[PDB]
């Protein structure tokens, strides 16, 4: 398997572009940024709203926990490669505490509204608009040779009043190299694509398109997360009871993957459930034909058939968003 688009970006760019391990951090001043209040965390980070002491602008201070320095230089190299990209979080500075050498990443600040509270308030148009803005970021990172590998609502900051969106958290992101087998231990369980769940390691930018489809399904069907499994095996069973197991067996067969036998037993045999079955009167005003047609082309087992980010932006579902952008 190979990406259908932007497959040679790394292949043909100079080695320093993707050789993040040869990166040399020009450390900033740790005292320029002061913590104001905690806004998030993760297994390997503690995230704070900060303040730039020199100019009084808000910032994000992402203090890393001890991790191999390959993981810290990748993410910094990726952020440097994408800086300036549409809707791509801006990396402003990188600092260390002298005594422990604990690195902090400094980013712009987004006045975000938690997605579990913001999403349910979104009009039909807002959903169209925010996914379109998120699509810009994804087409731009893919075109620069990078897979995000962690598309999900926690990683999409939205200032609703400013209608600004930024794709944040490049901590799992990677350089796409044709043929490379990657670890499938990426993305959050609910947003993990079938390829990660059935061990197809030579995945590409289309893993982000499945994750985007998962976010979109959740927003139009008002069901977060849309595919709610308790562990990977179960994450695949949840997918199989929606998409059907016939599609799954075509996919497995095409790529020549045999399921772990018990996983196989667990998956069973399920009929494809049409998309309108999730329609209910709360989500009614969001689940039109174009929405289903768009969603249906993102949630395909075959990562090769999913729309590219560039194609999705031109889908008729986003026509009104595009016309507004033209003014």
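Basically, rigid core = biggest C-alpha set you can superpose within 1.5 Å across the two forms. Numbering follows the first chain given and starts at 1.
Q: Of the stretches 37 to 45 and 284 to 292, which sits farther from where it is here in 4 other deposited structures of this protein, on average over its Cα atoms, after fitting the core?
A: Per-stretch check in 4 other deposited structures of this protein: the more divergent one is 37 to 45.
Q: Core-superposed in 4 other deposited structures of this protein, which stretch deviates more in Cα positions, 194 to 202 or 94 to 102?
A: Relative to the shown form, the greater RMS C-alpha distance in 4 other deposited structures of this protein belongs to 94 to 102.
Q: Got a sec? Mean C-alpha B-factor, which is higher, 96 to 104 or 147 to 155?
A: According to the entry, 96 to 104 carries the higher average C-alpha B-factor.
Q: Report the stretch with the higher mean CA temperature factor, choosing between 38 to 46 and 292 to 300 on the basis of the entry.
A: Comparing 38 to 46 with 292 to 300, the higher average CA B-factor belongs to 38 to 46.
Q: Would you mind finding, among 164, 128, 90, 73, the residue with the largest C-alpha temperature factor in the entry?
A: Highest C-alpha B-factor among the listed options: 73.
Q: Ranking the modelled residues of this chain by C-alpha B-factor as given in the entry, is residue 5 in the lowest, middle or highest third?
A: For residue 5, the deposited C-alpha B-factor lands in the lowest third.
Q: Sorting by Cα B-factor within the chain, modelled residues only, which third would residue 255 end up in: lowest, middle or highest?
A: Ranked within chain, residue 255 CA B lands in the highest tercile.
Q: Within this chain's modelled residues, let me know which third the CA B factor of residue 323 belongs to: lowest, middle or highest.
A: As the PDB entry reports it, the C-alpha B-factor of residue 323 lands in the middle third of its chain.
Q: Looking at the C-alpha B-factor of residue 136, is it in the lowest, middle or highest third of its chain?
A: Lowest third - that is where residue 136 ends up once the chain's C-alpha B-factors are sorted.
Q: Quick check on the deposited entry: does the C-alpha B-factor of residue 192 sit in the lowest, middle or highest third of its chain?
A: Its C-alpha B-factor belongs to the middle third of this chain's values.
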